[PDB]
Amino acid sequence: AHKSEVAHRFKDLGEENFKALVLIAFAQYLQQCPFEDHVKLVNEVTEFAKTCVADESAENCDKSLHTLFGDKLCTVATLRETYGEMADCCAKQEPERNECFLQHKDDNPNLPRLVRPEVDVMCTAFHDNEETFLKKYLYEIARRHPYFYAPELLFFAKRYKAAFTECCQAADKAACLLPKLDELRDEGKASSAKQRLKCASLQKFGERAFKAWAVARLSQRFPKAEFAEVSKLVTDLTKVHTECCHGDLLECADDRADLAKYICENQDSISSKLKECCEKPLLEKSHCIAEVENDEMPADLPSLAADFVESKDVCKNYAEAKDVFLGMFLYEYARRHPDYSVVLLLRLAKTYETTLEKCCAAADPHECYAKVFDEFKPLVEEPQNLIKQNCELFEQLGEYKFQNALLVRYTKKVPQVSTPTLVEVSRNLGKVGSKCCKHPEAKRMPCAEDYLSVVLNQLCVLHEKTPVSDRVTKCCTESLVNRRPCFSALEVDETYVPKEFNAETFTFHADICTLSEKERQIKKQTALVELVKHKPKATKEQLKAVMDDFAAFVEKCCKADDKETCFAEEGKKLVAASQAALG
Ligand SMILES: CCCCCCCCCCCCCC(=O)O
Ligand SMILES: CCCCCCCCCCCCCC(=O)O
Ligand SMILES: CCCCCCCCCCCCCC(=O)O
Ligand SMILES: [Co+2]
Ligand SMILES: [Co+2]
Ligand SMILES: [Co+2]
Ligand SMILES: [Co+2]
Ligand SMILES: [Co+2]
Ligand SMILES: [Co+2]
Ligand SMILES: [Co+2]
Ligand SMILES: [Co+2]
Ligand SMILES: [Co+2]
């Protein structure tokens, strides 16, 4: 396989893992081409690989995968028809050609939404046409998420299969399945957004900013590891994110294996918990190490007060290699705080920095910087107090009513954002409450950071494409440490011009009674926002009193025969009282 990289990779990867990545890849570059067309390209390329395994001497096996992929893209007939100047790439050398192709990938393709089929239909297809069933999904998921790291999407497509295995052969397949599909969807939609943010935050902020976030996260993960070790990994980890964001998966995947290789050797130098993962095969090893549990910190926890306070060379050591010192601070503090959000640990370091800038210029440095660890406690409480205020509320209200609290809350704060956005974001923010309040107190803040980050990012992408607010924009275009407290610090818009009434917005029909919870709930939540938009000035009590009356209205007309007249004639009456109530 010296001659042929193809064969080299068709052996490092399964045929099954290969065929899927080739499919993923082609979708990701050629988003508009049909499935049938692609599975044709897949098989042409697969048959070609095998040939090279047998004889690496076979013609066109010697070629680099870069050259072979491009050659196979330019094979496509509708390349000039559908993809225009993407076809012009095909006239260039393979350095410029591949880079050309990457530049034409649509960050947001305009493809219809994927409408989930009824379980019965799906399960039938899972049985009768499994491969076809499972490959379209990778296709549909990939066309829509072109920059998504193909190997991650390979792990997602197999957890998918395990749900049809489990939920299809069950009494109630629907009630079983759709919460596992919405679950994976949610985990997959998160992972997509996490990859954008990671790549975005590398360019929109410093490599320093990324290296710092990295120090802190890896110091929690591997607490029993020297600054020098941690430091080295931060470097290699940056190298890999900088490359994977360039977009070349081949080098990206290679670097990862190499890094994982380094990690799996030297494992006693890094962490205990890396054994499981380190056994795993190529693509998976890297995947697992990213997710490995935070290793236990050494029993001996030397006071960080001794080194960074209550010492003389604090200001000396800082003067030379301050970013080593700051880094050393952050490392030391990070491993002694795996329950802290990373955006917090960084905030603390920007403090220690900010402090030592002032206090080293000071006449008495020792007495100047003696209360730095007291400047951290307000910063630890703010995110902790919002964790408890919010998880308190959640338990009382349950997920739906929690969501509805958030809807009313945010609609007043930013009434300009479309009802659909507000509804999605609030729903999703509910799931953060569900996901993370089930985590114990320690583990709560990391959890929040992960999910908020994506929810907040997705929001911050959507909005900026179609801006409606100054205050959302300031927060999105702001530091990663300061992005969340910026949103938290939002207040109600007192300048809003209440929306006009429209009865159809508050009309309702019998369907709702038998509808699915999700789609029923969303119907009601649209109304809630629309209500709050139309009457922002209204009290909790006032809105509750309506919500109580709307509730009973449904409970009634869904226990009615000829519900349709009920809904119309009680909806006329409900609407009228409501206007009276809030008018
Ligand atoms: C509104 C979502 C409900 C779930 C709990 C949210 C709590 C927000 C505060 C915690 C933020 C942690 C990240 C950070 O340290 O900035
Ligand atoms: C347009 C949607 C705005 C969503 C705001 C997300 C805020 C995330 C942090 C939660 C902090 C508590 C709620 C708040 O007061 O903002
Ligand atoms: C003032 C204009 C007419 C308003 C009509 C009532 C709309 C309220 C719908 C809110 C949904 C409540 C949530 C629920 O009960 O699950
Ligand atoms: Co060979
Ligand atoms: Co190899
Ligand atoms: Co059968
Ligand atoms: Co998506
Ligand atoms: Co390359
Ligand atoms: Co390289
Ligand atoms: Co002292
Ligand atoms: Co967790
Ligand atoms: Co303003």
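Treating r as the C-beta distance of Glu504 and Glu441 and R0 as 56 Å, the FRET efficiency rounds to 0.75.
Look at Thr477, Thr526 and count the other Cβ atoms within 10 Å of each Cβ; fewest to most, that gives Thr477, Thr526. Modelled spin-label separation between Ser269 and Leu304, with each label point placed 7 Å from Cα along the Cα-to-Cβ direction: 2.5 nm.
Classify region 403-517: rounded, prolate or oblate, from the alpha-carbon gyration tensor (a ≥ b ≥ c, eigenvalue square roots; a/c under 1.5 rounded; otherwise prolate if a/b is larger than b/c)? Judged from the Cα gyration tensor, region 403-517 comes out oblate (a/c at least 1.5, b/c at or above a/b).
Ordered by the number of other Cβ atoms lying within 10 Å of each residue's own Cβ, fewest first, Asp12, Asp255 fall into the sequence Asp12, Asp255. Want the number for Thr565 to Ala125: 0.36 nm per residue separation, take away the alpha-carbon distance, what's left? Working it through step by step, the gained length comes to 154.4 nm. Of the GluC sites (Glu not before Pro) found in region 460-534, those that fall in a DSSP loop while having at most 11 other beta-carbon atoms within 10 Å are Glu491, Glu494, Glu500. Classify the chain: rounded, prolate or oblate, from the alpha-carbon gyration tensor (a ≥ b ≥ c, eigenvalue square roots; a/c under 1.5 rounded; otherwise prolate if a/b is larger than b/c)? Oblate shape, in that a/c is at least 1.5 and b/c is the bigger or equal ratio.
Only one residue of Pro338, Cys33, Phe508 has its Cα farthest out toward the positive end of the dipole of the chain, where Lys and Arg carry +1 and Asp and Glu -1 on Cβ, and that residue is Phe508. Extending 7 Å from the Cα toward the beta-carbon at both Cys558 and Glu96 defines two label points whose distance is 6.4 nm. Annotation for region 99-182: trypsin sites (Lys or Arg not before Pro) lying in DSSP loop with at most 15 further Cβ atoms inside 10 Å of their Cβ are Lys105, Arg113. Each of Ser57, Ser479, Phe553 was placed along the dipole of the chain (beta-carbon charges, centred on the mean Cα), and the one lying farthest toward the positive end is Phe553. Only sites in a loop by DSSP and with at most 14 other Cβ atoms within 10 Å count here; which GluC sites (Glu not before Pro) in region 108-178 make the cut? Listed in order of number, the matching sites are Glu118. The charge dipole of region 5-104, taken about its Cα centre with unit charges on the Cβ of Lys, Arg, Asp and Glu (plus for the first two, minus for the last two), comes to roughly 140 debye. By the count of neighbouring beta-carbon atoms within 10 Å, fewest first, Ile270, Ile141, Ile512 end up ordered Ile512, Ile141, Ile270. By the helix-only formula, in which each DSSP H run with n ≥ 4 contributes -39500 (n - 2.57) and the sum is divided by residues, the chain has a 222 nm mean residue ellipticity of -23000 deg cm²/dmol. Judged by the mean number of other Cβ atoms found within 10 Å, the most tightly packed of the peptides 556-564, 184-192 leads the ranking 184-192, 556-564. Only Cα pairs under 8 Å and 6+ residues apart enter the sum, and on that basis the relative contact order of region 5-104 stands at 29 percent.
Taking the Cα centre of the chain as origin and assigning +1 to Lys and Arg Cβ atoms and -1 to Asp and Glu Cβ atoms, the resulting dipole is close to 1480 debye.
Residue ranges 439-446, 23-30, 239-246 sort as 23-30, 239-246, 439-446 when ordered by packing (mean number of other C-beta atoms within 10 Å per residue, highest first).
Comparing Cα centroids, region 426-479 and region 503-540 end up 24 angstrom apart. Cα centroid separation, region 1-50 to region 218-232: 38 Å. Length gained on full extension, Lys3 to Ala362, computed as 0.36 nm times the residue gap minus the Cα-Cα distance: 122.7 nm.
Don't worry about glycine lacking a Cβ; one is built from the backbone with ideal geometry, like all the others, and counts go over all protein chains shown. Bear in mind that the values in this text are calculations on the coordinates, not laboratory data.
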